[PDB]
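Listed here are the chains, written in short residue letters.
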Amino acid sequence: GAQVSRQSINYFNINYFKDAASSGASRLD
Amino acid sequence: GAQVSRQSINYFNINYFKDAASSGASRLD
Amino acid sequence: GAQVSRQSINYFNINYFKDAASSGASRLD
Amino acid sequence: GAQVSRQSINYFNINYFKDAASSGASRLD
Amino acid sequence: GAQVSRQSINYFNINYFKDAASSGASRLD
Amino acid sequence: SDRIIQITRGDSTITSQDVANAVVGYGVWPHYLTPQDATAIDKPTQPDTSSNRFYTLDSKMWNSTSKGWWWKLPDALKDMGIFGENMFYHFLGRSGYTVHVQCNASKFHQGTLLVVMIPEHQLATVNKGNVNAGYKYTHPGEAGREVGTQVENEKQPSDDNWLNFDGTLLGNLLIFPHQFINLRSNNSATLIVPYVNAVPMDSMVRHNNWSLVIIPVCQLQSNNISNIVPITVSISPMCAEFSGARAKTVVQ
Amino acid sequence: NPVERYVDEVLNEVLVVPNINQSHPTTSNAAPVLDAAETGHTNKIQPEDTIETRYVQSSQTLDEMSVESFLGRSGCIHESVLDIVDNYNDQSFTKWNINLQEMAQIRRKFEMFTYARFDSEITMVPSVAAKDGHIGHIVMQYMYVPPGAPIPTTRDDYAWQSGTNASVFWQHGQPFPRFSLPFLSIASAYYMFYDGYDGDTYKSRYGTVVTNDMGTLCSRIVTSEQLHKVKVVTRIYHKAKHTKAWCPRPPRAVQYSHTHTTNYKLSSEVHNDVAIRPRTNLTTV
Amino acid sequence: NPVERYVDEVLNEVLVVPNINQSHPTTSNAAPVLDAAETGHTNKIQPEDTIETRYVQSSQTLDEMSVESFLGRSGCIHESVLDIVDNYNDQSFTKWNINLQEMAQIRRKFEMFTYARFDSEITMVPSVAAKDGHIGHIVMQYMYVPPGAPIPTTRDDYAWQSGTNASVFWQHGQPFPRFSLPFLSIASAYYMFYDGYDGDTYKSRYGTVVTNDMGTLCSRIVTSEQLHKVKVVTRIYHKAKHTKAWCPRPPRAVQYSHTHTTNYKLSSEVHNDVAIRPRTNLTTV
Amino acid sequence: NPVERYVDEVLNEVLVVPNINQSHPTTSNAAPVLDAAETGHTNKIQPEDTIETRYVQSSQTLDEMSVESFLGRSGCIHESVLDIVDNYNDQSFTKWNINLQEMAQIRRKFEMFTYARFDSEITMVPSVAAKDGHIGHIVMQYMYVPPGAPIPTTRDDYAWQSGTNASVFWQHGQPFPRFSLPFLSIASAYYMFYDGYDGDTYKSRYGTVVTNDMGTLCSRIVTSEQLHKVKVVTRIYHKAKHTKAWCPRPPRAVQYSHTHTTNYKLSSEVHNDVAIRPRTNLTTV
Amino acid sequence: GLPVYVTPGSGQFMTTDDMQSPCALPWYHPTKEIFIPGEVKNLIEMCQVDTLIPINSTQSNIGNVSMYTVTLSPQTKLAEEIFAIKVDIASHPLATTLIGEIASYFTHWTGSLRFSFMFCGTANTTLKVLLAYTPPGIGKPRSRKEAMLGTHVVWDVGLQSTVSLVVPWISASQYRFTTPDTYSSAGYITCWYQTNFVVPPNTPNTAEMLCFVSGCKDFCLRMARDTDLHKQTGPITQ
Amino acid sequence: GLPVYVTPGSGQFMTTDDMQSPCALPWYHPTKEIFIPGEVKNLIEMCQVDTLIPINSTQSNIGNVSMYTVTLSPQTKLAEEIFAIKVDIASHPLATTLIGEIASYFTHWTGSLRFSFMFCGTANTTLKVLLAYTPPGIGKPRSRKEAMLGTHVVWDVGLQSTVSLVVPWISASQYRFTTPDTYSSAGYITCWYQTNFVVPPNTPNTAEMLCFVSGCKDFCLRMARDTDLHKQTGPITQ
Amino acid sequence: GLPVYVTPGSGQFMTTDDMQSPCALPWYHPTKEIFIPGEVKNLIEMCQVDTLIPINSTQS
Ligand SMILES: Cc1cc(CCCOc2c(C)cc(-c3noc(C(F)(F)F)n3)cc2C)on1
Ligand SMILES: Cc1cc(CCCOc2c(C)cc(-c3noc(C(F)(F)F)n3)cc2C)on1
Ligand SMILES: Cc1cc(CCCOc2c(C)cc(-c3noc(C(F)(F)F)n3)cc2C)on1
């Protein structure tokens, strides 16, 4: 499941596994 | 087929096969 | 192309090839 | 990019590459 | 994340990695 | 008073003036089979007050060397009135129970019995390879089994109380419905258990659902040892129902 | 907001443990620390009742202690051997009477409950040992033969056609095979223990062998005889999914001896058979 | 709510069996248990009519007994052998006249109906046996030659160009090849049985051979001659999809002898030819 | 417009550096260039205060200098060797006490902070050296044994069943194995340094060995003994994800000696032990 | 491209999988479907049709139509036994019936069974017979008295030649194994003389009875498997 | 088709992964679920039930029910010690208890522990006992005075036979290792005579005490692992 | 299934890639984060602090 966002240039920011440790590098700031 | 949900952070919770035995680990509680 | 349906628990019932013989097992009843 | 169509039985008719020569067999008639 | 556009013939123009150097050939003009 | 109890089942009433509450196994009270969980299509027979009443088993003597006693249900009630007849004339049976263990001594006696009800107590044999406990050993009837007495036949089950006769440690038996009869506090234990099984009804002859195990964890001591201190068990079926009637099964 | 439900799943904060509240000195005739273990109930006293506690905000969660988590990890349940020594026709196929009793690690976890109902995920790990130097092209066939179906007696038995049974063909060099199985019992739950027989005579069988017949797993090297001999060992792993368990019980204290039975061995000095370590005396930590 | 339809598909509860209702003692002159089998109709009596039943809520479902399920499993229909012994040019290619009659397991299931219409899913399992130690780089070509098209007579026949026929090229080490075929008959259904001939003389052929011509499957090792000899066995599996069947019939009781014919062998003691086991007498269970 | 947030991520312009503004000649009694280093604070003077600057629009960004970027690259942390020399049973398995102290490159970066909290991504690179000519079919098992779990003592120890531990099975010829691990400490952050002991006596241990117990990594060649001997070297790579670091410190100036300790060696001519290069004199650039 | 993670199972061939695959004959249009009488959609439709039980399948009878008939006649002793068989759907005298053959392609069964009997004596022959079903947990009955204590039908022969006895589903578990496995052994069907077989003078002193079997509305089969009622011991050739 | 990038990890088999896979028995419908009393959903439900501590597990006692009882009696010296054990949930006298066995399948633990004691002397036997918990960073107490400076309960034996002492979670770190590892060693539980064991004449001069252990509302376990309280040294055969 | 085209680079291991991967300890819940003084978020914070130059680093 992931966070679709709109403006139109959607940013489907998917997280494929059910654990937080599984996602890639963190956003900064 | 799967259960799309919205708030926007959609949780496409997909089940790829047609049998209940095929899905992954169950939700708790 | 496939038959998206809604209630929200969508059932994207995809058919990946352009021939009817290519799809999987039939629905019953 | 591709031509989504609706009636609900969507026909996502995708073309994965940026050249016309890359797509599959043509529609008839 | 990518730029969905509509007219219906959507052009999901996806960029799979988080760096600009990762995308394919540029649009002309 | 929180230390008195009167239990009435059918035409029997049992009392105790020194109890330690009552335990309702797994928190479920016995109830009849519902049509949603049922499977055997014929209409059940429900003897009611003629089978759901207290049946008192043979008494046992507790002395300074006792190692324990065990009974298996419904087996222990096989020669008990209408309930016993029903379990042999029918293929299937289903029932819950009220188990009341009785043992009184005096204020100058000390001792402790751990009274436990175990579901599916599959006994073990010790140092005998893959040979399992034989049918007649696990079907002692109302006389039960006195731990530490039997003449070593081959299919004789384990007699190791500290290993629960099944390869697990005694101190952990408390995870099953249980009570203690600590002579200084109470003189009886009361456990009420529902029907527990993976099928809605079962053969009363081939399958024993519960096992009543009584182990003296603290030795019986007093300064008047000649006075015998017995242990008596009274069991009352609850919501007993049977199905699939036919001729009477004759065993062994 | 189920989405909120999803966020809790991702962070594993579905089941939270309660907080410790602040308590104070007390002088009363309600004595929570006092009770009667004879009742068969555990005293319900908490730290706030005995000491003076501060307020602490508990962050711990119990997700990992769920029955789904405890039984939801693949463990080995069998190691199948097809060792080609001197006769390909006789040694290139074998069979196994399915059960979850041969490997102590997973058997013990499941046996902490009396009944358990679950779906299974089976993963196979085949490894081909080149005894003479080459493995050639190894293709394996694993066939599930439910009780009653014909069991193959030769590497070319007609039963290998698998007209109705489920077979998984694996080719050396491709990912490990895996498939799911639905809850298979004829009852509502699997019996981890069974105090019953299949008859009422001195020769009736006792235990789970009466109720847990799962069929046979027949397997063979599909490839025909090769010059070089190989030894193929296929390890089967099992994991429970969508689990429910009833009536918890004491864990196995001594080693297992055989399948489907609680039988055990006892030596002359029993303290060696259990994990209990002898204390020097009551006061030696 | 088709979605509701989807949920039933996932749980396999599309076709439910009816409940047993409660019945009571009766005394009447309507006797359901009595009837006449002469009519050719089965008596329609149910348990509630003979015994006194309780109310039971049936949960069983018939999904798995559907014709789609019964015929929808891959079974072996052929085992092709390319065994290189002493002449690569002659032994590196072969051909097979397609049919579903050579393997008893699936043939028997299909033959429980008189006509059946279905699409087919073909999966191939090739295995290369290294007879001399090496397999090299094996590439296979399986070509479907519909009746009439030219059949290859050498490993380099021009027909292997496959200008119009369908060919599947498989390379050793890649997943098993698989493809679908639409319902191929010139009629509306396939004949499982055919009481007819292709002429009206004593030499006309009888049976399904008259109607079930499916063509030939020609295959070859595409790779040219290698030093080391290999034996490639390709097993073909078939599964019916989108099935319809008409006029059910009795199952085959004796072994099959040949393709396209109901012919059978009978020995001197016939009870050995059928699955019927001799009873000691009428009263010995 | 988070989408705006996404665009900045793609171009790596999340953290911008400030512009240089135009400045002018000044004559005042506010002297920014003057200060007192004794205060422990760095003088905050900028170029506009000392010289006359022009206006320049800074485009530089600090994204790459983030702690996430600095510690977010896979570095080798261990090289495991299974060298089959003369006894398969003894040499086909091994174990390693997990830590991030054996490889200077990544150890030094992490040690630029006192505490750090992060999730880990582990990637393994196995390579099979054919010492006799063939590798056969190599299948490896890497098992994580948390402190307390039983450690295998033979290649067939029951602990390899992995009933509850996490194991990764890799088959030669498939992609490199990789998995994630959540922050594992019993505290809120990992100690990169620890000025403490596990007791209060002259024999108590000092340092991070007291706090950084991570368990053992047990691995084995799953395949049984093959004729040809192989030497399998598995290199483990680690990368920190979702990182936080506290209290920065001076970088390691001399070589590391041992794990979990700041101990170092010093030779007779110390300038060879540090990266400082001897200057000829104060005025020789 | 899209980052993917190949999962275990990829590349394997499970004979019971349900995937899609490219079509070898593109653009091909199948022959139009015509209406054919007799369509079957579920095998339950075949389990609901009566077929004869080769109940008299002794060795001297197999290979004859007489393996399907039970002989009745004037008795000299009262309450004699006529036949006795196990009730298990895939057990022996009834394994080769249609419902037994279909049940043999599945591992589990549930539901009630319907046994029918048709008397084939003359129109002047009378008879009363007791058909009984003995639930499990006991041996087969040794006398009519022992048998009649179970489920039973007293059949009076008359204008309607056939009677039906329903073996209700009486089981501990919701299903039973179709193959001969004790624990899930369903009991027995026995037949005894209730009165006698009476005939007037000049009438055949013996008569046959045919036995049928089918499934009730609650009959159901589960877990498909290969059958052991048919085999192949050599190649089937052209 | 869709361009994809196969990522590291693809094709591997992680015993703790969470993927989906095709079902080997399509169309199969599982047996309906009936209600069974005693369902467990989380192992915490088992950690909250008291089980006996084999506290007197000396070598001569192991293999006897007496390994579960501590003996009390009239003392001739004041303030004598009765027992002393480590408080660590998976440490030795308490490793084999139910909470100790479950804790042995996890690497970390946190929360408060509840120790209960039931006196089993006669109803005419009196006694006052001091039960103490000594937080870490110090050796086990050598006297009642040293022990009572820590957390403690003075238990007076009377009509209610049982008392409970709660070992509060007093730790530096939020969790501790379940296995015997110094740094995260939780302290000790010791028991001493507060007064004496008094009895009237003609009464047994000794009595037993049973010890139980369970977890409080804040008890929690983390990081699943295999246990070292059970092993397999050979094949488990049929 | 969905037709896919495996691209160059597939299967490789780039030490600086940024992918997701399955978690070896499912259901595990990390220790709550407490506040610790001195957090660093960007190395620029360290470049802005004065440190001494070993300017007189002659050999002696
Ligand atoms: C109690 C209890 C619970 C269970 C279910 C165990 C799952 O067991 C198996 C296993 C381990 C393997 C196969 C199997 N292995 O390979 C195949 C196939 F691929 F051939 F289908 N099936 C089938 C079952 C029912 O068994 N006993
Ligand atoms: C009756 C009846 C029903 C059927 C359809 C059988 C499907 O038969 C096949 C088979 C099994 C294989 C091929 C085939 N094998 O490989 C190839 C290709 F890949 F070369 F196209 N085609 C073609 C058909 C028509 O045949 N008889
Ligand atoms: C300080 C500090 C921070 C860390 C975390 C290091 C991550 O360490 C590992 C490594 C490198 C490998 C494994 C590991 N390697 O393989 C396996 C598995 F696949 F077997 F699970 N686990 C497990 C941990 C905890 O360790 N010390």
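Residues numbered from 1 in each chain as written, not as in the entry; some residues may be left out. Chains lettered and ligands numbered in written order. Part of a larger assembly, values for the part shown. Heavy atoms only, no water. Residues with missing side-chain atoms left out of burial classes, pairs and counts.

Structure determination for this entry is recorded as X-ray crystallography, at 2.8 Å resolution.

Re the pairing of strand β9 (residues 230-248) of chain I
Pairing analysis gives 8 bridges linking strand β1 (residues 75-83) of chain I to β9 of chain I, with the strands arranged antiparallel. From the neighbouring strand, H78 of chain I faces β9 of chain I, where its bridge partner is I236 of chain I. Examined bridge by bridge, strand β3 (residues 113-130) of chain I and β9 of chain I share 16 bridges and lie antiparallel to one another. Looking at β9 of chain I, one finds that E121 of chain I is bridged to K239 of chain I. Sheet topology places β9 of chain I next to strand β2 (residues 39-40) of chain L; 2 bridges connect them, and they run antiparallel. Counterpart to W246 of chain I in the pairing with β2 of chain L is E39 of chain L. (Pairing = 2+ DSSP bridges. Helix = DSSP H or I, 4+ residues; strand = E, 2+ residues; numbered from the N terminus.)

Quick word on the nonpolar core
One finds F83 and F115 of chain J together with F83 and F115 of chain K to be the most contacted residues of the largest nonpolar core, which totals 323 residues. When sequence neighbours within four positions are dropped, the list of residues in contact with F83 of chain K reads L282 and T283 of chain G together with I55, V70, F117, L131, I189, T190, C191 and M209 of chain K. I106, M112 and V168 of chain I together with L25 of chain L belong to the second largest nonpolar core, which has 45 residues in total. (Core = buried A, V, L, I, M, F, W, Y, C linked by side-chain atoms within 4.5 Å. Buried < 20%, exposed > 50% of the residue type's maximum accessible area, 1.4 Å probe, protein only. Contact = heavy atoms within 4.5 Å.)

Quick look at the site of ligand 2
Residues and elements named next belong to chain H. Near ligand 2 you find 21 residues, and of these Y142, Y144, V168, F179 and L217 are the closest. Ranked by residues supplied to the shell around ligand 2, first place goes to strand β4 (residues 113-130) with 4 residues. Here the shell around ligand 2 is composed, by residue class, of 18 nonpolar, 3 polar and no charged. (Near = heavy atom within 4 Å. Nonpolar A, V, L, I, M, F, W, Y, C, P; charged D, E, K, R; others polar.)

Topic: a positive patch on the surface
A contiguous patch of positive charge, built from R6 of chain A, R6 of chain B, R6 of chain C, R6 of chain D together with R6 of chain E, is present on the exposed surface. Along the chain, the position of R6 of chain A falls in the loop between β1 (2-3) and β2 (13-14). (Patch = residues over 30% accessible without salt bridge, like charges linked within 9 Å, V, L, I, M, F, W, Y side chains within 5 Å. Areas by Shrake-Rupley, 256 points an atom, 1.4 Å probe, with all protein chains shown as cover. Salt bridge = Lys/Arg side-chain N within 4 Å of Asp/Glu carboxyl O. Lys, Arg positive; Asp, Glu negative; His and termini not counted. Charge placed at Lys NZ, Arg CZ, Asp CG, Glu CD.)

Describing the sheet that holds strand β15 (residues 220-224) of chain J
In any sheet, the strands associate via hydrogen bonds between backbone groups, in a parallel or an antiparallel arrangement. All names here are of chain J. Read across the sheet, 3 strands follow the order β12-β7-β15 without closing on themselves; strand pairing throughout is antiparallel. Only two strands of the sheet have a single neighbouring strand rather than two, namely β12 (176-177) and β15. Where strand β7 (residues 106-110) and β12 come together, 2 bridges link them in antiparallel fashion. Looking across to β12, one finds that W109 is bridged to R176.

Thoughts on the interface of chain H and chain B
On the chain B side, the residues contacting the 5 residues of chain H number 5 residues. On the surface where chain H and chain B come into contact, there are 0 salt bridges. At the surface where chain H touches chain B, the tally comes to 3 residue pairs in polar contact. (Polar contact = N/O pair within 3.5 Å; in protein donor to acceptor, adjacent residues only side chain to side chain.)

Some points on the side chain of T216 of chain H
Turning to its location among the elements, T216 of chain H is positioned in strand β9 (residues 216-221). Other than its neighbours up to four places away in sequence, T216 of chain H contacts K95, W96, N97, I98, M143, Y144, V145 and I151 of chain H.

Some points on unusual backbone geometry
A cis amide bond links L73 of chain F with the next residue in sequence, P74 of chain F, at an omega value of -5 degrees. Counting through the fold element by element, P74 of chain F comes out in the loop between β6 (69-73) and α1 (81-89). A positive phi angle, near 65 degrees, is found at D29 of chain B, a position not held by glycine. Relative to the helices and strands, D29 of chain B resides in the segment after β2 (13-14).

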